Amino acid sequence: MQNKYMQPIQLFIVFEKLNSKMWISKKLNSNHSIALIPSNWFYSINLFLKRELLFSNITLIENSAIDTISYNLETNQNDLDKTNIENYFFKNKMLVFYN
Amino acid sequence: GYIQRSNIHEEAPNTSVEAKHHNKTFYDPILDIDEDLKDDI
Amino acid sequence: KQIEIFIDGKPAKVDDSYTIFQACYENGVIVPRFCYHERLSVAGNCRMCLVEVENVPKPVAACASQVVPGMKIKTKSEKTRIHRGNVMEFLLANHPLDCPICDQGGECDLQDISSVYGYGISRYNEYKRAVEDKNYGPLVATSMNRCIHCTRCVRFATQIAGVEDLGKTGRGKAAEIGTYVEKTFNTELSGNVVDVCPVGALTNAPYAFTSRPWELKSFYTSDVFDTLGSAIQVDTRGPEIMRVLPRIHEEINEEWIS
Amino acid sequence: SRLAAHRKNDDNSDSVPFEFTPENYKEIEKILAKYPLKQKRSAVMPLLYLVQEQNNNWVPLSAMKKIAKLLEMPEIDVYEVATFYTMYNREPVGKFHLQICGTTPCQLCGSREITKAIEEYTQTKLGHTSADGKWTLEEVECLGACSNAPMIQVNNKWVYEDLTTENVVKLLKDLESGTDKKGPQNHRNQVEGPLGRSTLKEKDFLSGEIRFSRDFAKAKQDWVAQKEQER
Amino acid sequence: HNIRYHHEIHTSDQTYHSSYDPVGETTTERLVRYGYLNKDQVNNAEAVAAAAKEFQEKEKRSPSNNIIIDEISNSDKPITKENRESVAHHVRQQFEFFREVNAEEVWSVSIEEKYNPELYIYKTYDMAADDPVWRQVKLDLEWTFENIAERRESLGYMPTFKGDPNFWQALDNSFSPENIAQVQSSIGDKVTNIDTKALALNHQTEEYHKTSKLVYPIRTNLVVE
Amino acid sequence: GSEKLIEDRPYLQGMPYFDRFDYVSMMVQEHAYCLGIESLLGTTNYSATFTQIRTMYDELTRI
Amino acid sequence: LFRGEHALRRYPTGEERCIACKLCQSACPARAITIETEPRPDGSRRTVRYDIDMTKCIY
Amino acid sequence: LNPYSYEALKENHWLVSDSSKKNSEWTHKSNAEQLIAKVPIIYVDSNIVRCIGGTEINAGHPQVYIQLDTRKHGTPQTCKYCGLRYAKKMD
Amino acid sequence: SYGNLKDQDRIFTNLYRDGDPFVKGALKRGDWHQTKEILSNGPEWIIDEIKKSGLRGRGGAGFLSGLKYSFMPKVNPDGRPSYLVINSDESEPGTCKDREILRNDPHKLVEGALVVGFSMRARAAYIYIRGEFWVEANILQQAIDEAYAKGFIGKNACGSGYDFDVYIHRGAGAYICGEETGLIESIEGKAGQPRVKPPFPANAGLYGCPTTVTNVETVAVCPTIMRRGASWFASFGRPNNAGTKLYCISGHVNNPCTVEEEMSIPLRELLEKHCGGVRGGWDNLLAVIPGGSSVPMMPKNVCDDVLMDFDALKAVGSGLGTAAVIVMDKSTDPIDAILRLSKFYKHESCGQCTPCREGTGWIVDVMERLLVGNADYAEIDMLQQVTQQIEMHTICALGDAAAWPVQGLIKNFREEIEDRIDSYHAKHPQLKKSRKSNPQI
Amino acid sequence: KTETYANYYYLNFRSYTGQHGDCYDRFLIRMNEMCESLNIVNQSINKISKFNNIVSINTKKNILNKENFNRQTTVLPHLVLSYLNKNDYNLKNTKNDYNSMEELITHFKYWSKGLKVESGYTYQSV
Amino acid sequence: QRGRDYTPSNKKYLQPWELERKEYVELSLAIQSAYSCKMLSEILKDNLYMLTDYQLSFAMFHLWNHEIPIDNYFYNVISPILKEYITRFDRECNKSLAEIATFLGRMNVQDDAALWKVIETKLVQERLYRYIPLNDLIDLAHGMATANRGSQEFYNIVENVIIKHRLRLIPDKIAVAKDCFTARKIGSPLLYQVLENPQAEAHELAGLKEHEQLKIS
Ligand SMILES: Cc1cc2nc3c(=O)[nH]c(=O)nc-3n(C[C@H](O)[C@H](O)[C@H](O)COP(=O)(O)O)c2cc1C
Ligand SMILES: Nc1ncnc2c1ncn2[C@@H]1O[C@H](COP(=O)(O)OP(=O)(O)O)[C@@H](O)[C@H]1O
Ligand code: SF4
Ligand code: SF4
Ligand code: SF4
Ligand code: SF4
Ligand code: FES
Ligand code: FES
Ligand SMILES: [Mg+2]
Ligand SMILES: [Zn+2]
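Caption draft 1: The overall build of chain E, seen in detail. The helix and strand tally for chain E stands at seven helices and four strands. When its helices and strands are written in sequence order, chain E yields β-α-α-β-α-α-α-β-α-α-β. In summary, chain E has a C-alpha radius of gyration of 41 Å against a globular reference of 17 Å for 225 residues, an excess of more than 25%. Principal-axis analysis of the C-alpha atoms places the extent of chain E at approximately 120 × 70 × 25 Å. Taking all 225 residues of chain E together, 31% fall into the buried category. The contacts in chain E between residues at least 6 apart in sequence include a share of 49% that link residues at least 24 apart. In chain E, 25 side chains carry a positive charge and 38 a negative one; their mean positions are 2 Å apart.

Caption draft 2: Main features of the overall build of chain G. Looking only at helices and strands, chain G features one helix and two strands. Along the first, second and third principal axes, the C-alpha atoms of chain G reach 35 × 25 × 15 Å. Put simply, chain G has 59 residues, and 49% of those count as buried. Considering only intrachain contacts with a sequence separation of at least 6, the fraction spanning at least 24 residues in chain G is 44%. Counting only carbon and sulfur atoms, one obtains 53% of the accessible surface of chain G, whose full area is about 3200 Å². Separation of charge centres in chain G, based on 11 positive and 8 negative side chains, amounts to 6 Å.

Caption draft 3: Representation of the site of ligand 5. In the vicinity of ligand 5, the contacting residues are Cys18(G), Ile19(G), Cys21(G), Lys22(G), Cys24(G), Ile35(G) and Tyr50(G). Tallied by class, residues from the shell around ligand 5 come to six nonpolar, no polar and one charged.

Caption draft 4: Region of the structure containing the coordination of the zinc ion (ligand 10). Residue and element names in this part refer to chain H. Coordination of the zinc ion (ligand 10) by the protein involves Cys 51 (SG), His 61 (NE2), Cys 79 (SG) and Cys 82 (SG), with metal-donor separations of 2.1 to 2.3 Å. Between consecutive donor residues of the zinc ion (ligand 10), the sequence gaps follow C-x9-H-x17-C-x2-C. Within this pair, whereas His 61 is found in the loop between β2 (48-51) and β3 (64-67), its partner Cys 79 is found in the loop between β4 (77-78) and β5 (85-88), the two being separated by 18 residues in sequence. In this structure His 61 comes out as buried when scored by relative accessible area, which is 3%.

Caption draft 5: Molecular detail of the interface of chain I and chain D. Counting residues at the interface gives 89 residues for chain I and 64 residues for chain D. Regarding the contact of chain I and chain D, the summed buried area is about 6600 Å², with carbon and sulfur atoms giving 57% of it. A per-residue breakdown of the area chain I buries against chain D is headed by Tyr16(I), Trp45(I) and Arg340(I), which together make up 11% of the total. The tally of links between chain I and chain D comes to five salt bridges. Salt-bridge contacts for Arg340(I) lead to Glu139(D); the nearest nitrogen and oxygen are separated by 3.1 Å. Viewed at the interface, chain D and chain I are joined by 29 residue pairs in polar contact. Counting residues per element, the side of chain I that touches chain D draws most heavily on helix α14 (residues 334-348) of chain I, which supplies seven residues.

Caption draft 6: Highlighting a nonpolar patch on the surface. Side chains of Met26(F), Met27(F), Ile53(F), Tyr57(F), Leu60(F), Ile63(F), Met34(J) and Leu38(J) sit close together on the surface and give an oily, nonpolar patch of about 670 Å² of accessible area. Looking at the nonpolar patch, the elements that each hand over two or more residues are α3 (26-41) and α5 (53-62) of chain F together with α1 (23-46) of chain J. Looking at the nonpolar patch, the element that brings in the most residues is α5(F), giving three residues. If you trace the backbone, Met26(F) turns up in helix α3. Looking at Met26(F), the relative accessible area reads 33%, which means it is partly exposed.

Caption draft 7: Structural detail: helix α5 (residues 94-107) of chain K. Between its terminal C-alpha atoms α5(K) stretches 20 Å, which fits the 20 Å expected from 14 residues at 1.5 Å a residue. Across the 14 residues that make up α5(K), a large majority, 12, are buried. All buried positions along α5(K) are accounted for by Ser96(K), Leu97(K), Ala98(K), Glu99(K), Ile100(K), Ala101(K), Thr102(K), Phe103(K), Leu104(K), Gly105(K), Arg106(K) and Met107(K). In this structure, the buried side of α5(K) is in contact with α2 (79-84) of chain J together with α3 (53-66), α4 (72-88), α6 (113-125) and α7 (134-147) of chain K. Positioned one or two residues after α5(K), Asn108(K) has a phi angle of 70°, which is positive.

Caption draft 8: Layout of the site of ligand 2. Surveying the vicinity of ligand 2 reveals the residues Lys50(J), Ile54(J), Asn65(J), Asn68(J), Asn70(J), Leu76(J), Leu79(J), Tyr83(J), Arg106(K), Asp139(K) and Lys173(K). Here an oxygen atom of ligand 2 sits 3.3 Å away from a polar atom, N or O, in the side chain of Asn65(J). Tallied by class, the residues present in the shell around ligand 2 amount to four nonpolar, three polar and four charged.

Caption draft 9: Quick peek at the packing of helix α1 (residues 27-34) of chain E against helix α2 (residues 45-59) of chain E. All names here are of chain E. Close contact between α1 and α2 brings their axes to 11 Å; oriented N to C, the two are set at 65°. When the axes of α1 and α2 are compared, the pair comes out roughly perpendicular. Crossing handedness for the pair α1 and α2: left-handed. Mapping the contact onto sequence places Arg 30, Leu 31 and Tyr 34 in α1 and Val 48, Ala 51, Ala 52, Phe 55 and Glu 59 in α2.

Caption draft 10: Spotlight on the sheet that holds strand β2 (residues 67-70) of chain E. Pairing in this open sheet of four strands is antiparallel, and the strands run β2(A)-β1(A)-β1(E)-β2(E) from one edge to the other. The two strands at the open ends of the sheet, each matched to only one other strand, are β2 (34-35) of chain A together with β2 of chain E. Strand direction decides the pairing type here: strand β1 (residues 15-20) of chain E and β2(E), joined by three bridges, are antiparallel. Counted as the bridge partner of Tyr20(E) is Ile67(E) from β2(E).

Caption draft 11: Geometry of helix α2 (residues 78-92) of chain C. Residue and element names in this part refer to chain C. The terminal C-alpha atoms of α2 lie 21 Å apart, and with 15 residues this matches the ideal 21 Å at 1.5 Å per residue to within 8%. α2 sits mainly inside the fold: 13 of its 15 residues count as buried. Taken from the residues just after α2, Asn 94 is the one with a positive phi, measuring 75°.

Caption draft 12: Here's a closer look at the arrangement of the chains. Once contacts are tallied for each of the 33 pairs of chains in contact, the highest total is for chains D and I. Nothing in chain C touches chain F; the tightest C-alpha to C-alpha distance between them is still 12 Å. Between chain A and chain I there is no contact, and the shortest C-alpha to C-alpha separation is 27 Å.

Caption draft 13: Structural detail: the pairing of strand β5 (residues 245-249) of chain I. All names here are of chain I. Within β5, five of the five residues are buried, which leaves the element mostly enclosed by the surrounding structure. Side chains of β5 alternate between two faces, with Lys 245, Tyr 247 and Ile 249 and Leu 246 and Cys 248 buried alike. Judged from the five bridges that link them, β5 and strand β6 (residues 257-261) form a sheet pairing that is antiparallel. Each bridged residue has a counterpart across the sheet, and for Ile 249 the counterpart in β6 is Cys 257. Note: β5 against strand β9 (residues 324-329), two bridges, orientation parallel. Counterpart to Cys 248 in the pairing with β9 is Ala 324.

Cut-offs and rules
Here every chain is numbered from 1 following its written sequence, which may not line up with the entry's numbers; residues without coordinates are dropped from view. Lettering of chains starts at A and numbering of ligands starts at 1, both following the order in which they are written. The chains in this view make up only part of a larger assembly, and the values are for that part alone. Values reported for side chains reflect all heavy atoms of the structure, with hydrogen atoms and water molecules removed beforehand. In this description a helix means any DSSP run of H or I spanning at least four residues, a strand means any run of E spanning at least two, and both kinds are numbered starting from the N terminus. Throughout, the radius of gyration refers to the C-alpha atoms, and the reference size of a globule is 2.2 Å times the residue count to the power 0.38. Exposure is judged per residue with a 1.4 Å probe applied to protein chains only, and the accessible area is read against the type maximum: over 50% gives exposed, under 20% gives buried, and values in between give partly exposed. The contact definition used throughout considers only heavy atoms, calling two residues in contact when any of these lie within 4.5 Å. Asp and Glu count as negative and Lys and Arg as positive, but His and the ends of the chain are not part of the count. We put the charge of a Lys on NZ, of an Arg on CZ, of an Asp on CG and of a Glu on CD. Note on areas: Shrake-Rupley with a 1.4 Å probe; residue coverage comes only from the protein chains shown. Residues are labelled near a given molecule or strand when at least one of their non-hydrogen atoms is within 4 Å of it. Put simply, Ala, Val, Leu, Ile, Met, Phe, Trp, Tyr, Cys and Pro go in the nonpolar bin, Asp, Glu, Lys and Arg in the charged bin, and everything else, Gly too, in the polar bin. Sites may look incomplete because water is not among the atoms; the donors themselves are N, O and S atoms within 2.8 Å of the metal, or within 3.2 Å for Na, K and Ca. Buried area: the accessible surface (1.4 Å probe) lost by two parts on joining, summed over both. By definition here, a salt bridge exists when the distance from a side-chain nitrogen of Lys or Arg to a carboxyl oxygen of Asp or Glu is within 4 Å. Contacts described as polar in this section are N or O atom pairs within 3.5 Å, which, within protein, must combine one atom able to donate a hydrogen with one able to accept it, while residues neighboring in sequence count only if both atoms come from side chains. The patches described consist of residues with a relative accessible area above 30% and no salt bridge, like charges being joined within 9 Å and nonpolar side chains (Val, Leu, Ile, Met, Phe, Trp, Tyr) within 5 Å. The span expected for a helix works out to 1.5 Å for each residue beyond the first. To obtain an axis, a line is fitted to C-alpha atoms, over the contacting stretch when the element is a helix, and the angle between two such axes runs from 0 to 180 degrees between their N-to-C directions. For this classification, under 35 degrees means roughly parallel, over 145 means roughly antiparallel, 65 to 115 means roughly perpendicular, and everything else is oblique. In a left-handed crossing the near helix is turned counterclockwise from the far helix by less than a right angle, and in a right-handed crossing that turn is clockwise. Paired strands are those between which DSSP finds at least two bridges.

Here's what the structure looks like:
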C-alpha cells in the first residue's frame, strides 16, 4: 500500500442523505475501494459519476450479482468481525455489485 | 507489500565514449531518419 | 462462580469448573486435540492442546487445565504456533506413510491438524518405528504402525464398556497399546472403538477398502434393529449403503450404537 | 525383555501350570497386610518377585494370570506392569543372568573392555544367551555404584564391582565354581577409594559413643515466646 | 533442516473500514437518531448541551464529528454540512491527490511525452531496422547463439542422459545382493546386471544415473560402399 | 455454465475452465485465476516470479 | 511430459501399482474416473472396477 | 481346507480365501495376484525392513517400514503397497 | 572459605562401614536419641525448625524442604490418611550417595522417616527402593524389623502414642519411577507413568490421599539437625544454601569415592583433596558434569572457580542436581559420552507423552550419526532446536533432563563436532545426497 | 504502479498507441506488440543468465568448467531462486511425498480437497 | 507497512521470513533491474529497512555479472552499507559473506580499505572460513587474489584446507586454485603435488605426514 490513495468521499459529500460504508483490502489492488450503495439511489449516483469532473473519465469494467441468501462461513467462523463486508451477505436475498 | 522509490526517472545510460558499455554503432545515420518525418501533422 | 478470562484479548465469562479447552469451545475458538474425548476421562498424553498463558512460562495443556481468574490466553500467538508445530512434528515422526492405503484418508483429524496448525515439511529422515499387527476379530482391522498411543481405545474399553482387554504394554518408543495375549476384542460395542481411535490405527474391517469420505451422502435416521431406537447416520454412494454411524442423541443414543 | 507382547513359545503356553507354595502364600498374606485392605492392586510387584523366586527366574503367563486372579484385578494390568518393568524376565534365562552396566561412568571406567572380556570367556555375544542354558548377557543402566565402576549384577541380586580384563574372568570362574567374592574385587572398601580414606580418619570419635542432647522443652518455650512477641 | 518459518507468518491479507454518518444530518438530528436527545427536547438548549456531553462521553467523538470510524486513513477532519470550510479543504485535498497520483506514475502519464512525442514510423521492408532497439535485439540474439556455439565447440562433446533398464529392479541396493538376485530370478529378469560382486559394490551406494556422450561434429551415417 | 461448474468444483479443478475460456491466451487466463487465488491466500508466487516463467510465457502467449 | 492415452502400470514383479486411494478420482476435474474397490482374497487393497470415460475426460 | 472355516477365516483375516488365485482374474480383472505369489519370501537379517518398491525414491511406492520381529519367530509380513513378503533370517 | 569439614561435624558417620549398621551400632553412634521428646515437641515446631535450618531437597529440584512439608494439610475432615513416600530410587547416572546410607545407617533413615511422618501427621511411610539395591533393601528391611521389635515405630512410636507404620516397596528397574507422580503410580501398582500436575499431589497423591515424596538424604539428615539445632546446620553452608552435602565422584579421577563435605566447597578443591585430582593432573581435565548426568556439562574454563552451590551452578548453567560428579578426561570423547546418556534417556522414557517418547529416539539417532561423522553442520543446530522443542513440552520433566546434556555438549564442544564432521567428509566424498532415510546402525 | 502483477514493472519495454482509432492503427499496434514481446522475452531470459565468468589472473582469459553443466549454457533458470530463497529451494528439492510424512499429507489433502482459502472477496486482473 | 516494526528478532540482522513475501520479491526485482551504481544505491538506501544480506549479496552478484562500473556513488553510498552488514554477519551468514567477498574481489574494487579490513577480520580473525564451502572458499581466494587483496595467514589457511580436502577436489576447482596460487606466487611443494594428483597416496605425496601432525581444521 505504498501508493497515494484517497477515498471516493465525493459521492457521499454530494448525496448528503446517505451513510458511507467503505472498504479497502490488500486482497485487492492498491487503488481499489469498495462501497455500499442503496438501490433507490443507485441510478442517481451513476448519473453523478458519469458526468462529474474527476469521475467523468470512468468506465464500467464489470457488473454481476451474488446469491447471498445461502452464504455461510465454512471456516474460521469466530474470526468474523462486525466491520467485515461478509456481515451484509447474511439474510439478504441478493447482492448486485458493479465495478 | 510494496517498496519505496525516491527517483522515479530511470536516467539514460552514460553516453560518454570512454565509459564502458558504449556502442559506437547503435545509431545509423542512414536508417535513423525519423526527425525528418517526425514533424508531420 | 463466574470468572472473567481473556481469549486473544476477548473478554469472556465461565465458571471455575470449566477447563481451558471447554471455555475455548464455548466461546467458539477451536483447539486441536488427539486424546481428549468428551465422554472419556482426562489424559494429557498427546499434548496437542498446548496454549500460551501470559503468566505461565511453560505451555499449558488446555484439555487438562482449569481456568483461573484473569487468565490471559493467547491461542493465536507465535509461541502457540510454535508449540503446535513442535507437537505435530513429534507426532508425525515415526508415523508411517499410509495415507493412500489407510481407510481414514478423508476423515483423519491428524491430517487436518497437520494442515491447519503444524508445519508443512518434516525433518525426520531416519528409520521409523515398526509395530506388528494384531487380530481383534472380523469387526476391527488393526494397523498399529499408525497408533499415536493416545489411549482413547483403552479408556473407552475400560470406561464405556466393562471389557478390560486393551492396555499400554511396554515402555518407551517400544510401547504397544493392545492386548498382551493374542485374543479378539469381541465386545458388543466394539464398533465404537474405531470411531474413538482418531488416527486410523483401528478401522471398520467390513467397510475396509470400500470408499472414501468425500464421495458419500449422509442421511439422519433412526435405528430399528433394537427396540431402544438409536439416532444413526447412513452414508450412501448412490444406490449402495455403507458405514452406518451413530450421531449425538444423549437422551436415547448417548453417542454409541451396538 | 525384548518384545512388548506375548512371545509364542511352546513352554510358555496358557496350559503351563503354576501354583504358589505355602511359604509364598504366607508371604503374599504379609504383603497384603502391609498394603491397605482395599488397595490390593498395589501387590503386583511383590507377587511378581515371588513368582520369579519360585520359578527359574522368570514369570510365566500362567503365573501372571494367577496373580491377577488372586489380586482381583484385570490380567491386562499385570501384563502392563510386567512389560513396563524390565527386571521381570518374561522368558526363561540362563543359570547366570549377567547384567553389565553401560552408563557413562562405567563407560569411562572401561565398561567396553569388561564386556569384551565377558564375551570372550563365555563364548557368546551381548544380549544373546549361550547355546547351553548357563549364561545370559545383558546391558543395563546405572546400577548405583558408579564410584566403583565398572560393575555387573547377577540375577538382579549380587553386585560385583571394580572389574578388569582379568578380575572379571576370575569372577566368572568363581561363579562357575560356586564360591566367589561379594563386592568389589579390588582391595577397596564399600565406598572407600582405592588410595584410602580422605575423611573420617579420626578413629577415636567414630569408635566412641556419639551423643547429641538438646533441651527440647527449653527450645519449645523459646519458640513459643518468640511467636508471642511477634504477635 | 530448517522447517520452522516454512509457512509465511506475515501475509498480505489486511482490510480497513471507513464508516461515516450522513453529511446532511445536523448535530441535533444525529443526537435524536442515536437516542441521546429526545425529539421534543431539541428546543431546550440545556437539554441539547447535556445530550451532546453524554454523546461525547459515551461514543468517544463529538456530535459535530461525522466519522464513525476511519481505519482507511484515520482522518481527524470531518466533512459536514455546517462547516463550509470543510468542503473547501476537501476540494483542495482532492486536487492535491489528483496532481500527485498522476505525478507518481512512471508510464501512464508524462507531460514530457505529451510535449515531445516519439513516434515509430514504418519506412523500410524490415520493421526491426526502423527501431534502433530491435536491431540491437537481433544482434544480441545472434551474439548469444555464437557464444553458445563457441563454448560447445571448445568443449568438444555433450553429456546426455541414457536410459538404463536396471533402474527398474524389484529391490533396492540396500537389500542383500543375494536377495536382489533371488528376486530378479524369481521375476525372470535376464536383461539386468545380477552379478553378485557388482551388486555388492553398488550396495549402499548413491550415484547419478547413466550418462552417454554426443560427440561433435554431428553428421549423417552413410553407406558409401 | 463454466462459472456454475467452477462453483461446483474446488479451486484447483476449476482452473482448466480458464484455459477453455480463451483458445489463444490460456496461459494468461491461468495466470489471472492463480493471481486471484493467491491474492485470497495473501501470498505471492515467488518461485514463478524469480524463475521469470509467468512473464516470458505470458509474452509468448501474447505472440 | 506429453499426456496421451491413460494406462495402468505394474511393479517389476507383476503386481499392480494401483491401490484404491481414489486420489485420482477426486482430482479428476471432469469426473471421468470411476473406482470401486474390494479386498482381494489374499488381502491386498486392490480395485475391482477402474473405469475412465475417455469421452468425458480432459487430458 | 474350507475357506469358510473358522480357522481359515482367522488365518486370512476373516476373508474368504481363494487357493487357486483364479477368482481374482474376474473379480479384480487381473492376474496380478498370481504373478506376485510367484516371488518367494525375501529373508532380511534386520528386525525392521525398509521398502520403497524400487531402486530409488519416487520410482515406487512411498517409503514404508515393516517389523520382522514378529511375536512368532519367522512369520512373513507382506508390504501393503506391493505384495512382496519379507521374513527375518532366524539363525 | 568453604570446605574441609571437621570429622566431628559430619552427619553421615560410618559412611564407610566401620561399625555395626544394625540397631546396636546405631544406638552406639547416637541414633534414636530423645525421639520421644522430638515427637512431643509437636509438628509445628519440627516444621519451623526445618525452615530455620534452611534444609532444601537433595534431589534435582532443590526446593525448600520445610516449606514442602508445611504445604501438607493440617487435618483431613474426610478421614483420609497422609502418606510419606521416601524415594530411595537412585537410577540417575553417576549417583551413588543414596545407597551408601541404606546399608550403613538404615536406622538413621528410619528415625528420620518417623520424625518427618509425625511432623506431617502421616500414618504410613513407604520407602520405595529400586529393585537393583537388593542387598540394601534387605538391610533396610532388617532395620525396620529391629525398630518394630524395639518399639520405635508402629503403635506408640517411641512411647509417644502416635501410631506410625513404615513399609518397604522394592520396585523394579525404571528410572522414571523416581518422579513424584511416577513414584506414586508405581506404589499404587500401575505403570510408573507420571501424571499431569494441576492437582499438586500434596493435596491428592497416593491412593487419592495427601502424600509427600522426600529424598533419603534429606530424611536421614532431618533428625540429626533436629538434635544438633538449626543454627548448626545453617552455619555449614553459603547463604541461601542448606549445608553439608554427600558428594560422589565417578569419572576419570585418581581416587573415586563418595564423601560428605561442606556445602559450597570449590570443585577443584573437592577433586584435588578428597579424590586425589584428575588422573593426569588438572591440566589433563577435559570437562566435569557435576550434579548428575541430567544437568549440562562444565568445561575446564569454568570448573576452576565454580563452587558446589545450587545458586552458583545455576548461574554458571549446570545445576547441582544430585551432587553426582562425573569427570571426563581428555582421553574420552564428549560426543560418545553424551550419546550414551541419550541412549540411557531413550531407554528410560516411560512413553506417555509424544514429545519425549519421540524426541529421545530422534536425538539418539542424530547423536549416533554425529559420532560416526556422517552429518551436516546444520544438523547441530537442528539438534539444538529439537532439544528446545522437547523441553517444557513434556509432562514429567524427563524430557528436559534428556535435552539438557545435549544442549550443554552443543554449546561447549561445537568445534569438536565440526572437526569430526570435516574429518569424515574429507575421507568420504559424496556429491549426491540420497533421498532415502539414514541407514540403521 | 498499483496494478502490475509480474516482472513487467521492472523491465524496460515500450507500449504503442495510435492517434487514429481505426482498424489500420489496431493492426499496426498488434504487429508492434508482437515485435516488442521478443524484446520482453529477451530481457526476461537475460535476467536469469550468467554472462560473466572467472578470469585467470595470469592469462586474463576465461576459465571454463569442463565437467560442469554451466559450460553448456549461459542461461540458468534456477539462478535467482537458488540465490535468494535457498532454504525454500532446498526443501522443495529434498522433501517429497515418498519420504516425508508432512509432504504426503499435504499431497493427499491437496488432491482430495483443494487448498483451504480464507473467506473474502478479491478482484484480480491481467 | 502499517503497525509494522522492522527491528530484527535476532537483534543482529533482518531475515527474509520476517518481511512479507511481496516486499522481498519486489525489492529483489528492483535490485535486479538496477543497471547503475547511482540507481542501485538509491534503491538500497530507500529500502534499507527492508534490505537483507541475501539481497545485498545478490546486488553485488548482479553488478559483477553485468560489469556495472564501480564509481563514486558506489564508494560513497553502497560501501558503508556493505561494511555495516558484514560487521553484523555471523556464522549463519557464511553464504552472504563468501558471495559478497568473492564478487567484490572479482569486480576488483581496489578501494574501501576499511571494507576489506572488515571482510578479513570476519574471514580469518573470527575464523568464519571454516563455514565456507570448499568450492566457495577456493572461489573466494581466487577473487581476492584477482583484487590483489588478502593476507598471508588467509592464503596459508586456504592451502591447508585444500590439502585437507584434496580428495573432494574437482578438476575445475583444482585449475582455479592452481591459477590463483601461481599468480600470487604463494604455495608449497606439497600443495602443488596435491593439485597435480589429488587422489595420490600418503607416501606418494611427501609431507602429508607433517600436515596430518599439524591437524589443520
Ligand atoms: C525423570 C525423573 C527421575 C527422577 N529420579 C529420581 C531418583 O531416582 N531419585 C530421587 O530421589 N529423585 C528423583 N527424581 C526427583 C523426585 O521426583 C523428587 O523431586 C524428589 O525425590 C523429592 O525429594 P526432594 O524434595 O528432597 O528433592 C526424579 C525426577 C524425574 C523427573
Ligand atoms: N550449474 C549452475 N547452476 C545454477 N547456478 C549456477 C551454476 N553455476 C554457477 N551458478 C551460479 O554462479 C554463481 C557463482 O559463480 P561461479 O563461481 O563463476 O560459478 P561456479 O563456481 O559454479 O563455476 C552462483 O550464483 C551460483 O548460483
Ligand atoms: S492416520 Fe492414516 S491417513 Fe492419517 S496420517 Fe496416519 S496413515 Fe495417513
Ligand atoms: S490404536 Fe488408535 S485409539 Fe488406540 S492408542 Fe493407538 S491411536 Fe489411540
Ligand atoms: S486409485 Fe488412482 S491415484 Fe490411487 S493408486 Fe490407483 S491410479 Fe493411483
Ligand atoms: S516426559 Fe517421558 S517419562 Fe515423563 S511422562 Fe512423558 S513420556 Fe513418560
Ligand atoms: S488433548 Fe490435550 S493432551 Fe491430548
Ligand atoms: S554407572 Fe554402573 S552403577 Fe551407575
Ligand atoms: Mg562458483
Ligand atoms: Zn513395498
